[PDB]
Amino acid sequence: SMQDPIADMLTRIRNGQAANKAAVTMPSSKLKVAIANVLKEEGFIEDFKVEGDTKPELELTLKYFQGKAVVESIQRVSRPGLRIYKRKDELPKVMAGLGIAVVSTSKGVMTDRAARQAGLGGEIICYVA
Amino acid sequence: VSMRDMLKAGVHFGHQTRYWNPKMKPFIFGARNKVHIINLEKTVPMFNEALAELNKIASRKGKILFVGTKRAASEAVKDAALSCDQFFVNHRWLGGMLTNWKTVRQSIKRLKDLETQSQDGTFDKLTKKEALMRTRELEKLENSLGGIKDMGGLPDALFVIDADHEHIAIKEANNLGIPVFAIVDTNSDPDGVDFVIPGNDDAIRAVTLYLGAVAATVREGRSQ
Amino acid sequence: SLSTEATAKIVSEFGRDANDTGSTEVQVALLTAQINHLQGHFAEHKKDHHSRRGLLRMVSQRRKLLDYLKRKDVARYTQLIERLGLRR
RNA sequence: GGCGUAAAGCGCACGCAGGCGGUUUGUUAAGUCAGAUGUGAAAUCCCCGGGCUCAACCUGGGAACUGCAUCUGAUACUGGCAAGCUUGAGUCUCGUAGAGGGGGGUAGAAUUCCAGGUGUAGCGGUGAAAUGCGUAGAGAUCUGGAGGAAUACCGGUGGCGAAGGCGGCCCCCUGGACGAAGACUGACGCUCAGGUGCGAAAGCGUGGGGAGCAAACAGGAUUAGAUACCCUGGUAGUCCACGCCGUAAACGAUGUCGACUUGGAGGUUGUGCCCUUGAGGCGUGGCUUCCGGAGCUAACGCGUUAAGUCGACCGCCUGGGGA
Ligand SMILES: [Mg+2]
Ligand SMILES: [Mg+2]
Ligand SMILES: [Mg+2]
Ligand SMILES: [Mg+2]
Ligand SMILES: [Mg+2]
Ligand SMILES: [Mg+2]
Ligand SMILES: [Mg+2]
Ligand SMILES: [Mg+2]
Ligand SMILES: [Mg+2]
Ligand SMILES: [Mg+2]
Ligand SMILES: [Mg+2]
Ligand SMILES: [Mg+2]
Ligand SMILES: [Mg+2]
Ligand SMILES: [Mg+2]
Ligand SMILES: [Mg+2]
Ligand SMILES: [Mg+2]
Ligand SMILES: [Mg+2]
Ligand SMILES: [Mg+2]
Ligand SMILES: [Mg+2]
Ligand SMILES: [Mg+2]
Ligand SMILES: [Zn+2]
């Protein structure tokens, strides 16, 4: 069944991106919306919207550069079968800092960089480069 | 060339739905009668943009290789090509004309030796078999290499009638960084083409239009 | 399967009305009825294994509904099984 | 790190424990995160110094002991609790296709047998033969009857089922699948060690049944031999009932469930629309066959029915022989 909708989100991005799709859409959720926010703010997607009230559909506008996908890799780290948590001084960095790790903290979802600078650790949701 | 101007020739006609290559979704208006109809809104600006870069290339003494070996259009590509002081390949493309040019170049030398000898050297004193036997060789070389005989080096651009039919030539170009301008019909793969011109690549009326246009802009680019 | 008259009748008996056709109580009554009818079928047709796998599905399925109900409203559950004369 | 062809998917399904679990709010603050405090013996290791002629060695100070515990906070994610939500999952209605299962009837073709008519010297079998059968009249032909077993044509990369497997026709009992429309329940879900059930053929036990076929066995041949291949016979068995067995190259050699990712030609089966005005025209579900794109792959190949891109849970592999 559909027991990890975040992996599903990652994957819908990854596959539509690989399929040079202009956009991708998925059932929404606050947690997805919090991740989409980080992606956009770090320039991995154009923009996003959620539409509807009772059955909210979230939509991500993908991004391309040299007839290439801006998103090179996008992988699930922590997951329902194996939760991954890190401390502030243990926070991974992707591509030596060129990519990012999405981290969920007591102060909401942010990048490894952000959480690092704010003295926090959290659940490592994914890597993106 | 004009949207109105193109439509008459039937540039808009394409192959059947069943034979399409999906990559060409953007450039298809839609389909009627189980035949794909290309978008002339997309064709002209892209075609004009092809002519501009050709015009630029021609204005720095660039050499243009016209390629179109369809039997139906073989002659039209020649006259089109000669009308602008350039070079052509109008019968079966020999694989490695560009990538193995050093070897194929030898055949060019052979060509010239043969027509030169048969005229200025004249012979006409033969053995009676050599008249036809040497003409045989000369006849063959002419179709194969008549159009590039004086090309001297590698071309600076290729203009191609039918990207699928001429996939070999477009692939050699790709390897040598030579830019490819091509009429790319709904059934073909536009990936090998730097400037994709999407329209019919069969009908002699349509073929002559692009080609007639191509040869004309070379002269403008030449005339400076 | 159950007849449309016999199905409609149980929905009346255990539902909030005629259209409360998917309530847990109703679903479990309908399964009950069909299980007990089929008790007759397999008495005579012991070798009908294929059909039995279908009966066994009605059973395992009724079991899951009864557990959900028990979890969500034990009072609704006790009534339902006593009323259907189940559990022994 | 692996399980199509190399070692590796349990033959198949149901399902307890367990693992995992859609979406909103509030709450909690165990997991997780932060800080503070205590503790984490010394030696050892490491860093910078000091002392023995150097080095080993000895030694000062540091750093490290990545750990544990208490307190105080943070509340995004996971867990608990409470109320929900409707898209997952069910229920309801009306229809459709099907060798899906079980029971009971019944049909026409053929073989063998029994009883006769006609007829007369062969039939049968093989590479060639012989064993065998026929003047107690075979074989051939026509007629009537008995019995068992299987259902030509239809029939088809057709259909149904979890797998094994299911085919004449009719009825009865019964399981599943799919479509259309809307109503209802409200995460009731996915997976499953152990457990339970199913499970070709052969084989086993009791009693039936016995046409054809045929292990064993006998006879005739072949052959250097021929415990075979071929021929003439032929018992178990193959069939029925009720029990047992629990295995197959039980195979797609590919576990189940869900989400996502270009196309072409067909087969099959629902359903909405169109002068039904033609055996059609435009859509929309389920299953299926052949190609093929990216991607994957050692290659072969797979390729929206994945062997692609991901997640949840299970089973299994760890060189050959021994086994
Ligand atoms: Mg390995
Ligand atoms: Mg194979
Ligand atoms: Mg193997
Ligand atoms: Mg299997
Ligand atoms: Mg609070
Ligand atoms: Mg010293
Ligand atoms: Mg020391
Ligand atoms: Mg010290
Ligand atoms: Mg110490
Ligand atoms: Mg919560
Ligand atoms: Mg008979
Ligand atoms: Mg039925
Ligand atoms: Mg409600
Ligand atoms: Mg027996
Ligand atoms: Mg025999
Ligand atoms: Mg026996
Ligand atoms: Mg086995
Ligand atoms: Mg294929
Ligand atoms: Mg390929
Ligand atoms: Mg070994
Ligand atoms: Zn063409």
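In what follows, chains are A, B, ... by sequence order, proteins preceding strands, each numbered from 1. Because only heavy atoms are used, hydrogens play no part in the values below, and waters and symmetry mates are left out as well, while side chains stay in.
- Taking atom P on both nucleotides, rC229(D) is separated from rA150(D) by 27 Å, rounded to a whole Å.
- More than 12 non-hydrogen atoms from other residues, nucleotides or ligands lie less than 6.0 angstrom from NZ of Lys70(B).
- Counting only heavy atoms from C-beta on, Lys55(A) has its side chain closest to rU86(D) among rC188(D), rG161(D), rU86(D).
- Here the straight-line distance linking atom CG of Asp201(B) with atom CG of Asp185(B) works out to 4.0 Å at 0.5 Å rounding.
- Between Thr21(C) and the options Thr7(C), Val11(C), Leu30(C), a side-chain contact (heavy atoms from CB on, under 4.5 Å) holds for only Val11(C).
- For the segment residues 81-88 of chain C, no residue has any heavy atom less than 4.0 angstrom from an atom of RNA chain D.
- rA202(D) sits 47 Å from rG19(D) when the P atoms are compared, rounded to a whole Å.
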What one-letter contact string describes nucleotides 27-40 of chain D from 5' to 3', where B marks a base within less than 4.0 Å of any protein heavy atom, S marks contact via sugar-phosphate atoms alone, and - marks no contact?
----BSSSS-----

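- Of the nucleotides present, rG67(D) is the one that pairs with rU39(D) by Watson-Crick or G-U wobble criteria, both distances under 3.5 Å.
- OP1 or OP2 of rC260(D) has not a single side-chain nitrogen or oxygen of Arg14(A) nearer than 4.0 Å.
- Residues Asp48(C) and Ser51(C) bring a donor and an acceptor atom of their side chains to less than 3.5 Å of each other.
- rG168(D) and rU106(D) are base-paired: they meet the Watson-Crick or G-U wobble geometry, with both hydrogen-bonding distances under 3.5 Å.
- Counting only N and O atoms by type, the side chains of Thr32(C) and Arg62(C) include a donor and acceptor under 3.5 Å apart.
- Applying the 90° cutoff around 0 to the glycosidic angle, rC188(D) is assigned syn.
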Anything under 3.5 Å between a protein N or O and an N or O of nucleotides 263-266 of chain D, put it in a table, one pair a line.
| residue | atom | partner | partner atom | Å |
| --- | --- | --- | --- | --- |
| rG263(D) | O3' | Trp20(B) | NE1 | 3.2 |
| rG263(D) | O2' | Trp20(B) | NE1 | 3.3 |
| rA265(D) | OP1 | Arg18(B) | NE | 3.4 |

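- With distances taken from any side-chain atom of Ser23(C) to the nucleotides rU185(D), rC77(D), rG311(D), the minimum falls on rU185(D).
- Here the nucleotide nearest the side chain of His50(C), chosen from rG101(D), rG21(D), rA183(D), is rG101(D).
- Between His36(B) atom NE2 and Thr17(B) atom OG1 the span is 5.5 Å, to the nearest 0.5 Å.
- Within 6.0 Å of CD in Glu51(A) there are more than 12 heavy atoms belonging to other residues, nucleotides or ligands.
- Residues passing the ring pair (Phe, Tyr, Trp, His ring centres under 6.0 Å) test with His45(C), sequence neighbours excluded: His41(C).
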Show me the donor-acceptor pairs, under 3.5 Å and distance only, between side chains in residues 175-184 of chain B and residues at least two apart or in other chains.
| residue | atom | partner | partner atom | Å |
| --- | --- | --- | --- | --- |
| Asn175(B) | ND2 | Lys171(B) | O | 3.0 |

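- Under the 5.5 Å centre and 30° plane thresholds, the six-membered base rings of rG98(D) and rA99(D) are judged not to be stacked.
- Distances shown here put a side-chain N or O of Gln75(A) below 4.0 Å from the OP1 or OP2 atom of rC310(D).
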Expected rows: protein N/O vs nucleotides 178-180 of chain D N/O, under 3.5 Å:
none

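- Checked by atom type, the side-chain pair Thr11(A)/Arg14(A) shows a donor-acceptor distance below 3.5 Å.
- Using a 4.0 Å heavy-atom criterion, one finds that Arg16(C) contacts the sugar-phosphate atoms exclusively.
- Distance, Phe42(C) CZ to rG101(D) P: 14 Å, rounded to whole Å.
- Inspection of the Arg57(C) and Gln61(C) side chains reveals an N or O donor paired with an N or O acceptor under 3.5 Å.
- Side-chain contact, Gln3(A) with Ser1(A): a donor N or O sits under 3.5 Å from an acceptor N or O.
- Distances were taken from every side-chain heavy atom of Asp48(C) (C-beta onward) to each of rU174(D), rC188(D), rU309(D); the shortest belongs to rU174(D).
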What side-chain donor-acceptor pairs closer than 3.5 Å can you find for residues 38-50 of chain A, not counting sequence neighbours?
| residue | atom | partner | partner atom | Å |
| --- | --- | --- | --- | --- |
| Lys40(A) | NZ | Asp47(A) | OD1 | 2.8 |
| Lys49(A) | NZ | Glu59(A) | OE1 | 3.0 |

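- Picking from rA76(D), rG103(D), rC198(D) the nucleotide with the shortest atom distance to the side chain of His49(C) gives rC198(D).
- Looking at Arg71(C) and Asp67(C), no side-chain N of the basic residue comes within less than 4.0 Å of a carboxylate O on the acidic one, giving no salt bridge.
- In this structure, a donor-acceptor pair under 3.5 Å is present between the side chains of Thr103(B) and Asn100(B).
- Rounded to a whole angstrom, the distance from the P atom of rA200(D) to that of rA294(D) is 46 Å.
- Here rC46(D) sits opposite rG62(D) as a true base pair, Watson-Crick or G-U wobble, both distances under 3.5 Å.
- In this structure, CZ in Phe159(B) is found 8.5 Å from OH in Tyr210(B), a value given to the nearest 0.5 Å.
- Contacts between residues 16-38 of chain A and RNA chain D, defined by a heavy-atom separation under 4.0 Å, are made by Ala19(A), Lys21(A), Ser28(A), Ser29(A), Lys30(A), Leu31(A).
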Generate the contact string for nucleotides 93-99 of chain D. Rules: B means base contact, S means sugar-phosphate contact only, - means no protein heavy atom under 4.0 Å.
SS-----

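- The side chain of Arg83(A) sits closest to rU78(D) out of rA259(D), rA183(D), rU78(D).
- Within the 4.5 Å cutoff, the side chain of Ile204(B) has heavy atoms near those of the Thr208(B) side chain.
- Side chain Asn15(A) to base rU261(D): no donor-acceptor pair is found below 3.5 Å.
- Base stacking between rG220(D) and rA221(D) is present, with six-membered ring centres under 5.5 Å apart and ring planes under 30° to each other.
- Of the candidate nucleotides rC190(D), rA187(D), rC20(D), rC20(D) has the atom nearest to the side chain of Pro80(A).
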Show me the donor-acceptor pairs, under 3.5 Å and distance only, between side chains in residues 81-104 of chain A and residues at least two apart or in other chains.
| residue | atom | partner | partner atom | Å |
| --- | --- | --- | --- | --- |
| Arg83(A) | NH1 | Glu123(A) | OE2 | 3.1 |
| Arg87(A) | NH2 | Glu90(A) | OE2 | 3.4 |

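- Applying a 4.0 Å cut-off to non-hydrogen atoms, the residues of residues 29-41 of chain C that approach RNA chain D are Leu30(C), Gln34(C), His37(C), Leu38(C), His41(C), listed by residue number.
- No canonical Watson-Crick or G-U wobble pair links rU53(D) to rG167(D) with each of its two hydrogen-bond distances shorter than 3.5 Å.
- Shown here, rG145(D) is classed anti by the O4'-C1'-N9-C4 or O4'-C1'-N1-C2 angle, which is more than 90° from 0.
- Distance from the side chain of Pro5(A) is smallest for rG22(D) among the nucleotides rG22(D), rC188(D), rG176(D).
- At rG175(D), one or more side-chain N or O atoms of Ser1(C) fall inside 4.0 Å of OP1 or OP2 (strictly under the cut-off).
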Atom pairs, protein N/O to nucleotides 14-16 of chain D N/O, distance under 3.5 Å:
| residue | atom | partner | partner atom | Å |
| --- | --- | --- | --- | --- |
| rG15(D) | OP1 | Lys64(C) | NZ | 3.4 |

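- For the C1' atoms, the distance linking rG164(D) with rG100(D) amounts to 13 Å, nearest Å.
- For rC242(D), neither phosphate oxygen OP1 nor OP2 lies less than 4.0 angstrom from any side-chain nitrogen or oxygen of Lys46(C).
- We find that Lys9(C) and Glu13(C) are joined by a salt bridge, their nearest charged nitrogen and carboxylate oxygen being less than 4.0 Å apart.
- Nucleotides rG194(D) and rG148(D), compared at atom P, are 48 Å apart to the nearest Å.
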